[PDB]
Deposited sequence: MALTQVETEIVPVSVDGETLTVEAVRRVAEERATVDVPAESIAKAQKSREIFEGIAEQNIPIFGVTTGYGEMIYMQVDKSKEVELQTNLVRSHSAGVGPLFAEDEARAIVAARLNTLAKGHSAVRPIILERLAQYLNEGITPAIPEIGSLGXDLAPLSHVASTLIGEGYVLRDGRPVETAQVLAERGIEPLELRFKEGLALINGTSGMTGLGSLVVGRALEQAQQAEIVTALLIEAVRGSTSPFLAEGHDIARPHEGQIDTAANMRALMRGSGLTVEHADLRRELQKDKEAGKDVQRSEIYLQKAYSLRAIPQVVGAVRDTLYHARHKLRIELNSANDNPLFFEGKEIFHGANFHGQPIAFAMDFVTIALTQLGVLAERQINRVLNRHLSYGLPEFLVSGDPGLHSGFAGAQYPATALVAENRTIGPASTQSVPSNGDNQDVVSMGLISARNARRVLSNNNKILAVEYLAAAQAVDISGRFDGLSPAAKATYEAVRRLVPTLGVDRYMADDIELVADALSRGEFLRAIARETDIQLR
């Protein structure tokens, strides 16, 4: 299962494989050769003492400082050090690995003028399990975080071991590795890109998509458990009447998940049951039958679909970015040293701010579906707060609804960061993107959404037990139901709810509910 880091075809899912599943990485000889190439282009110029940014000059506003080739190695060392000023908590192992891979892929595109050893060493770290200790704060959108990574290649800084930072010097001398010594433009190239936000963003987006699927999965279970109509998901509504890709995809997944359900109702059945319930003698009469259900159980295609569209767009931008030469300056055949701003992370800063927004609404919808099932006037029949015990004496899921509701409110306090640029570096960086903050914002909402969904999964499984509708559940709903009971038992009388919720929340973050559908059925969700 090797992953080709060529600076051209790396996908978001592949980055997750490398970061999450320790997937082996391989930098193609073509990438290596193309890499050495640009290296000679550069050196063929660096030979002379001619001016070039970040290699024969100062850094930032100090580009006005001309520097000779004498202390080539020191210039790189001074940069990586002075810029390793990151603060806050350290990124997690998988997060740090995703960042490292994005940077490797970037250098592997071939226009950074870096020695092949840089790519080879980076590739060794991932493959050898040596993860840099990357503090989360510092990037203006990603100098500081990438600087901490840079430090570990030169045997400095810290590496992540069992959740704690351990000096890189020891770890290397340990597994017998001579720390690299950075040459011209290697220090700058290592840190002058969007690898922080792009690496983290990839994990988040990939996971956001699974969350969309897992929202659809429990949403489907809930719809069955309450015998909702299937009309809202009919293809004519989306494939033909309002063709947004996301909407079509969710409507599709919903039909597959509820297919073969004995509990769901066809519109025609409602229309006919409702009709018989009417007295042809009077113009206006009351009925207890709802031809339609509330928005939270009817508008799933529109809302989750819009979220999907947002995630598709974000994945699209990341795929391009991962495979871009987000670095400066750059080198091309018979070309002058390209001086631009491909280090600017606006594209990804925007994409992630949009992910934050989309996932917030995904959570808003899940929480209202929980409110749906817990409220007796809205549940369509189930007992208040899903009590099995004498009600009042027992509260059921009443208290468990609070953290879900609370999280919706907390996610709404998270504002966009891609527009919060603040000028620094003597007005040199007068417009930045703060994209890493955007990525972290989306990560937070994603994380909070698993807790919201956790309560929804527990609630949906409980509604099944109380209604005694298990034998009517569809193949998918049975799988979902069983995956939940496997982790948490039915709620007879009241009990400490926290562990159960965190138990189902962690399962969701590991994609165990998407897994269950995969194993127990042949449905291949979009």
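J.: Counting from residue 1 of the deposited sequence, where are the gaps with no C-alpha coordinates?
T.: Missing from the model are residues 1-10, 152.
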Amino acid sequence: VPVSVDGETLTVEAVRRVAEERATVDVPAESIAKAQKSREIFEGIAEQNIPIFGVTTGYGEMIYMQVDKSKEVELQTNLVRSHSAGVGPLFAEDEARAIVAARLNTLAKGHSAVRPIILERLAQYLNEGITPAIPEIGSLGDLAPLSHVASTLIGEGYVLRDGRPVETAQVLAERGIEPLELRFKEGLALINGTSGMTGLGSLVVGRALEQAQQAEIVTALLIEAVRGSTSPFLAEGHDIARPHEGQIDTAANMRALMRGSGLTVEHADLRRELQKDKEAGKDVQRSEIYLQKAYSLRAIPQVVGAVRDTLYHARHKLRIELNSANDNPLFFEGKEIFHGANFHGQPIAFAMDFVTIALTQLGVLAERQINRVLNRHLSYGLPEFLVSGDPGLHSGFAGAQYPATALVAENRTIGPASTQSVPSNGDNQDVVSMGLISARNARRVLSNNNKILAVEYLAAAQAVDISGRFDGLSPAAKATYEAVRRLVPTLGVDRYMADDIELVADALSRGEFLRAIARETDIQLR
From here on, numbers count along this sequence of modelled residues.
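J.: Using only C-alpha atoms and the B-factors in the entry, which stretch averages higher, 474-482 or 45-53?
T.: Stretch with the higher mean C-alpha B-factor: 45-53.
J.: For the stretches 102-110 and 164-172, which has the higher mean C-alpha B-factor as given in the deposited record?
T.: Comparing 102-110 with 164-172, the higher mean C-alpha B-factor belongs to 164-172.
J.: Among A442, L140, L75, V149, which residue carries the highest C-alpha B-factor recorded in the PDB entry?
T.: That would be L75.
J.: Whose CA atom has the top B-factor in the entry, of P179, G206, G199, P423?
T.: Checking the PDB record, the top C-alpha B-factor among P179, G206, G199, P423 is at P179.
J.: Rank-wise, by C-alpha B-factor, drop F343 into the lowest, middle or highest third of its chain.
T.: For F343, whose C-alpha B-factor we compare with every modelled residue in the chain, the answer is the lowest third.
J.: Ordered by C-alpha B-factor within the chain, which third holds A516? Give me lowest, middle or highest, please.
T.: Highest third, going by the recorded CA B-factors of the chain.
J.: What third of its chain, lowest, middle or highest, does the C-alpha temperature factor of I337 fall into?
T.: For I337, the deposited C-alpha B-factor lands in the highest third.
J.: Is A29 in the lowest, middle or highest third of its chain when residues are ranked by C-alpha B-factor?
T.: For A29, whose C-alpha B-factor we compare with every modelled residue in the chain, the answer is the highest third.
J.: Splitting the chain's C-alpha B-factors into thirds, which one does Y457 fall into?
T.: Its C-alpha B-factor belongs to the lowest third of this chain's values.
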